[PDB]
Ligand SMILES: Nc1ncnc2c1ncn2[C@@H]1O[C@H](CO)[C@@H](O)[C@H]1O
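Only one chain is shown below, in structure tokens, and it's the form deposited without adenosine (ADN).
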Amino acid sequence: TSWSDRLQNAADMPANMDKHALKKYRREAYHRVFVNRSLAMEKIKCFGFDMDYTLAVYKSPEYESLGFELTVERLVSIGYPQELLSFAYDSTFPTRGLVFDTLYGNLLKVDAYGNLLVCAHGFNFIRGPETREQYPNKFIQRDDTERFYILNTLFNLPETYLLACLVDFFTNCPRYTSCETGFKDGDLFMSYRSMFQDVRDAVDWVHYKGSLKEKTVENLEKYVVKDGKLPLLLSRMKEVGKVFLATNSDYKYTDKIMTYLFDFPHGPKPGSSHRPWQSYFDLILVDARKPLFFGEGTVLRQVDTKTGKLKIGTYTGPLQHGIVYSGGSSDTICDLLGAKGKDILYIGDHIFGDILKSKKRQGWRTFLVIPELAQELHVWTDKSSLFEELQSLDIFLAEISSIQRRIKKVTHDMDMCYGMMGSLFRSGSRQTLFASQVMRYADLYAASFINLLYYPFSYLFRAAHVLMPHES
């Protein structure tokens, strides 16, 4: 059972809007909205959405496998060895948020400070003492964005696995010679960095020039999760405020995926006339180029909706019924909807491009969707027993040569229940970079934005007051 299976099984459920059915439902973790900083829902005036992996959650592992296979075929078609075609995506390896070090070819799981929690070279886990030969302080500067790349989105799951496949392949194929920074084949040297760049470019190419979009819209039932409760949530939001779409996808793909997600024999609820997806939004904006969107942005353009091409020129007019925007910036939303940052709850899945940058640069309220959270919650309960005993052992310390070894074996035991790269949020007792950025920049987070449906729209999401150590 994948994470997307749990969300499609939640998606098949119709809405029981009885207000205790909601209060009871919302208190099971899978359907709850979690709170890092307090949020008075009644002060929200604009609900904004990303599309891919927010409104449109792709089915796992079918979608990752498709992108992986298309990416590999792209690499082979530009000259990588034919043996890449024998690769097959394996969803139990990659965890989101890992760092690829283009210098030494390692995937790293790090904490908020760049401390190494996990180091894997290909498929072989480098344990502490050996990691020191390349990381003397067991630490990286995770800001050095020219050496390190953070595989931060669900679109990066295929290349996360692929990079480990490549490193393992070249390491063991006897026509290559391993060097510290890459692989030699006679007079040709392939560094890990150029290898990394080919994979990145292949993934881009598959997405923008290859057949990935086509194969997806050809079989949306196989690749995209559909939920009849989405029209209902958006229509409730449209009563209490304004709803808008700001997505990086182009209009044609947006229209194809949005149309699918509203393809029901009803509208907001069973019995009601179906409505076009566009009618659910006071403002629709494609080609957003987030996170640039939250700084200077780009020129505001108008989509020719009959053709899917942009109209020539910059759009200077007012917000108009039926108009579809391309580009612009966060201030475009604020101007045309007459909103300020904290009137805006932006709902998305990219911790950098949607959440961090809108919080830091514009002061927007944030809702982060974590699709894996459905599964992560299932694992964290089922095996929390060994975490409390892990946690009890860190103070079992207090004032004993085996104690520092039972902690290491418990931590590894906890990690493997999630996959080979461990939990999205933890390695044992230590929070990941990702976990830290969620807490710091996501005002709210949930396995799915649909969990909002189970809360009244006056609700005050409250988090505990934070206290410094000396304040206790």
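Sequential numbering from 1, following the sequence displayed.
**Q** Other compared entries: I403 unbuilt in at least a third?
**A** Missing in at least a third of the others, so yes.
**Q** Can you count, per the entry, how many deposited residues between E399 and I400 come without coordinates? Answer none, 1 to 3, 4 to 9, or 10 or more.
**A** 10 or more residues lack coordinates between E399 and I400.
**Q** Of 63 to 71 and 27 to 35, which one has the bigger average CA B-factor?
**A** Stretch with the higher mean C-alpha B-factor: 27 to 35.
**Q** Comparing average C-alpha B factors as deposited, tell me which of 338 to 346 and 386 to 394 sits higher.
**A** Per the PDB entry, the higher value belongs to 386 to 394.
**Q** Which one of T305, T102, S273, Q362 shows the biggest C-alpha B-factor in the PDB entry?
**A** Each of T305, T102, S273, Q362 was compared by C-alpha B-factor; the highest is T305.
**Q** Just the C-alpha B-factor column, please: which of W277, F125, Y192, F155 has the biggest number?
**A** Spelled out: the listed residue with the top C-alpha B-factor is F125.
**Q** Considering every modelled residue of the chain and its Cα B-factor in the PDB entry, is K138 in the lowest, middle or highest third?
**A** For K138, whose C-alpha B-factor we compare with every modelled residue in the chain, the answer is the lowest third.
**Q** Which third of the chain does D201 land in by C-alpha B-factor: lowest, middle or highest?
**A** Its C-alpha B-factor belongs to the middle third of this chain's values.
**Q** When the modelled residues of the chain are sorted by Cα temperature factor, does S429 land in the lowest, middle or highest third?
**A** Its C-alpha B-factor belongs to the highest third of this chain's values.
**Q** Hey, what third does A56 fall into on Cα B-factor, ranked over its chain?
**A** As the PDB entry reports it, the C-alpha B-factor of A56 lands in the lowest third of its chain.
**Q** So where's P268 on the chain's Cα temperature factor ranking, which third?
**A** For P268, the deposited C-alpha B-factor lands in the middle third.
Below: the form solved in complex with adenosine (ADN), not depicted.
**Q** Check for me whether adenosine (ADN), as it appears in the bound PDB entry, comes within 4.5 angstroms of all of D143, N152 and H412 - heavy atoms only.
**A** The answer is yes; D143, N152 and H412 each reach adenosine (ADN).
**Q** In terms of non-hydrogen atoms within 4.5 angstroms, which of the given stretches 100 to 108, 177 to 185, 352 to 360, 381 to 389 touches adenosine (ADN) in the bound PDB entry?
**A** Flagged stretch: 352 to 360.
**Q** Indicate whether adenosine (ADN) has at least one heavy atom within 4.5 Å of a heavy atom of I126 in the bound PDB entry.
**A** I126: yes, in contact with adenosine (ADN) in the bound PDB entry.
**Q** For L66, is any heavy atom within 4.5 Å of adenosine (ADN) in the bound PDB entry, or not?
**A** Taking the distances in the bound PDB entry, the answer for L66 is no, it never comes within 4.5 Å of adenosine (ADN).
**Q** Looking at the partner-bound form in the bound PDB entry, is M190 within 4.5 Å of adenosine (ADN) by any heavy atom?
**A** No, no contact at 4.5 Å.
**Q** Though only this chain appears here, would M439 touch adenosine (ADN) in the bound PDB entry if you measure heavy atom gaps against 4.5 Å?
**A** Flag for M439 set to no.
**Q** Under a 4.5 angstroms heavy atom criterion, identify the one residue in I44, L70, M420, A435 near adenosine (ADN) in the bound PDB entry.
**A** Checking each option against adenosine (ADN) in the bound PDB entry, the one that comes within 4.5 Å is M420.
**Q** Would you mind picking the one in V118, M195, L232, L300 that has a heavy atom within 4.5 Å of adenosine (ADN) in the bound PDB entry?
**A** That would be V118.
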